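Chains as they are written, first to last, in the authors' numbering: chain A, 6 to 62; chain B, 344 to 392; chain C, 870 to 917; chain D, 246 to 294; chain E, 1256 to 1284, 1296 to 1345, 1476 to 1531, 1537 to 1545. Data first, discussion second: the structure below is written as structure tokens.
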Amino acid sequence: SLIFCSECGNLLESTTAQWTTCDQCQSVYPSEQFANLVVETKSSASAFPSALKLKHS
Amino acid sequence: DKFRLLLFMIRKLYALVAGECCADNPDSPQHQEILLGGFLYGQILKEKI
Amino acid sequence: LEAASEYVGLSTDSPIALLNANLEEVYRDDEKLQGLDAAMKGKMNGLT
Amino acid sequence: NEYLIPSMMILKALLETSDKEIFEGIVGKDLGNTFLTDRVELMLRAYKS
Amino acid sequence: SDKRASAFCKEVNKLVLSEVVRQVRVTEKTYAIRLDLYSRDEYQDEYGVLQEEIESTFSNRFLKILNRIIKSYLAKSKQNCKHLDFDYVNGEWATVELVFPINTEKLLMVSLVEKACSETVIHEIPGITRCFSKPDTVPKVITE
Ligand SMILES: [Zn+2]
């Protein structure tokens, strides 16, 4: 769910700043194509020591 | 091939980070082998060479 | 097996796979181990 | 003597590899696995620094 | 009473914000988090501290601590609290909306919120913890 260039591999900088261009390949790309980058992050299991978790096991 | 294995290695490492793998036990004959005499003999010999 | 099923919560006629998943889930932790073995130890001690 | 060199350094030094090749080798599966993706990104970025 | 004894135990008892939080997701973009809490009566079985107290403590102290840990990791990586939304009526979710400069490096916010909630206390008599009752028909409290 990331933004790599295709000429260079340069992990490009965020487009919410401006138009996207790799710092080395200087390749131009339409910034709006990959707008709305969603990363839904979830806490891993066995992450909160409960006083009821054993009642859940 | 070194590169592929390094990939596999860091991949397993991250899996271990997130509890996606149990901790290997180096303190167990599972994760363990033996040194012989002739082998260390050859190694120190090569070292002196 | 009696004390095992009891401590986990399943019944003695529970399906083998269910108790399997439960037990694997149990002694990845240690407190679950402590309680489980404590039960098993009391049981065997009664018998003994 | 102990010596500490960043993994990403030796990775790109090992093979004439593109960072996309790294990313698709490390976590190329289940596209967008949360933890692996965000950690790997941070790694590539901190070396790029 | 045993009810009164358990009450008093819970009173002198200390507990940490993490002892009530269910699994937590943080949403990326905007930087928004939402926490899950356990059901209020299941919350008042093992406890009996109040919801508005959760609001007060969570808001002030947890925001402070989270800002501390964020700033400190920012200082190490170098080498604001925008919006708060608690379930004011039902007390069963805690959203906090943060905004950040886009220039910063990514954040392991998951571990960060977990470290935060595991750190902040709701109420603790200073330097005491783990009050319990252990039995000659002698009602006694044993506190570390
Ligand atoms: Zn590029």
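From the three backbone atoms N, C-alpha and C, an ideal C-beta is built for every residue, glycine too.
May I ask you to report which of helix, strand or coil DSSP gives residue i?
i: E:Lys1344; result: coil
i: A:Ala40; result: coil
i: residue 920 of chain C; result: Residue numbering for chain C in the displayed model covers 870 to 917; residue 920 of chain C lies beyond these limits and cannot be assessed.
i: E:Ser1514; result: coil
i: B:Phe382; result: helix
i: E:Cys1477; result: coil
i: A:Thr26; result: strand
i: B:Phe346; result: helix
i: E:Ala1298; result: strand
i: E:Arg1280; result: strand
i: A:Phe53; result: coil
i: E:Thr1491; result: strand
i: E:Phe1496; result: coil
i: C:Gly878; result: coil
i: B:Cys365; result: coil
i: D:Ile255; result: helix
i: D:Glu286; result: helix
i: C:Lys910; result: helix
i: D:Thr279; result: helix
Is the beta carbon of residue i sitting closer than 8 Å to the one on residue j?
i: E:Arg1277; j: E:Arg1300; result: no
i: E:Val1495; j: E:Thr1296; result: yes
i: E:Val1315; j: E:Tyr1304; result: no
i: E:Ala1260; j: E:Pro1540; result: yes
i: C:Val877; j: C:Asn889; result: no
i: B:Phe382; j: D:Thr262; result: no
i: E:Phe1328; j: E:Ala1512; result: yes
i: A:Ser19; j: E:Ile1498; result: yes
i: E:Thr1516; j: E:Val1267; result: no
i: D:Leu256; j: D:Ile267; result: yes
i: E:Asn1486; j: E:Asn1476; result: no
i: D:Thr282; j: A:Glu45; result: no
i: D:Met253; j: D:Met288; result: yes
i: C:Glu875; j: A:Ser62; result: no
i: E:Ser1514; j: E:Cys1264; result: no
i: E:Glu1510; j: A:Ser48; result: yes
i: A:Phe9; j: D:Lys274; result: no
i: B:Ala358; j: B:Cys365; result: no
i: A:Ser36; j: A:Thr25; result: yes
i: C:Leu879; j: C:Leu887; result: yes
If I'm right that residue i touches residue j with Cβ under 8 Å, what's the distance once you round it to whole angstroms?
i: E:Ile1518; j: E:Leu1270; result: 6 Å
i: D:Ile271; j: B:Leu350; result: 6 Å
i: A:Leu16; j: D:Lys293; result: 6 Å
i: E:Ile1336; j: E:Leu1504; result: Actually they do not touch by this definition, with Cβ atoms about 11 Å apart.
i: E:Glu1501; j: D:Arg290; result: 6 Å
i: C:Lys912; j: C:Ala872; result: 4 Å
i: E:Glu1308; j: A:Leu57; result: 7 Å
i: E:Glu1321; j: E:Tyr1484; result: 7 Å
i: residue 1290 of chain E; j: E:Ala1341; result: No coordinates are present for residue 1290 of chain E, because the numbering of chain E runs from 1284 directly to 1296.
DSSP puts residue i in a beta bridge; with which residues?
i: E:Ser1273; result: DSSP lists no partner for E:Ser1273.
i: E:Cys1527; result: E:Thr1544
i: A:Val33; result: A:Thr26
i: A:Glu45; result: E:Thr1282
i: E:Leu1303; result: E:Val1276
i: A:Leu16; result: A:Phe9
i: E:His1519; result: E:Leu1270
i: E:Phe1482; result: E:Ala1490
| Around ligand 3, what residues have a beta-carbon under 5 Å from a heavy atom of it, in chain order? | Ligand 3 is absent from the structure shown, which contains only ligand 1.
| Closer than 9 Å, Cβ to any Cβ of chain E: which residues of the segment 32 to 48 of chain A, in chain order? | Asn41, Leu42, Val43, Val44, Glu45, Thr46, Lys47 and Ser48
| query | Along the segment 346 to 364 of chain B, what residues have a CB closer than 7 Å to any CB found in chain D? | reply | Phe346, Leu349, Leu350, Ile353, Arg354, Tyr357 and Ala361
| Taking any Cβ of chain A, which residues in the segment 885 to 899 of chain C have a Cβ under 9 Å from it, in chain order? | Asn891, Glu894, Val895, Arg897 and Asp898
| request: For the segment 254 to 279 of chain D, enumerate the residues whose C-beta is nearer than 7 Å to any C-beta of chain A, in chain order. | output: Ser263, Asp264, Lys265, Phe268, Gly277 and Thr279
| task | Can you give me, in chain order, the residues of the segment 15 to 28 of chain A that have a beta carbon less than 7 Å from any beta carbon in chain E? | result | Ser19, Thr21 and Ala22
| task | Using a Cβ-Cβ cut-off of less than 8 Å, give me the residues of the segment 51 to 62 of chain A that come near chain E, in sequence order. | result | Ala52, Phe53, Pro54, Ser55, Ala56 and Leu57
| query | Going along the segment 1494 to 1511 of chain E in order, which residues come within less than 8 Å of chain D, judged by CB to CB distance? | reply | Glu1501, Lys1502, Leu1504 and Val1506
| Given a limit of 7 Å on CB to CB distance, which residues of the segment 1311 to 1324 of chain E reach chain A? | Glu1312
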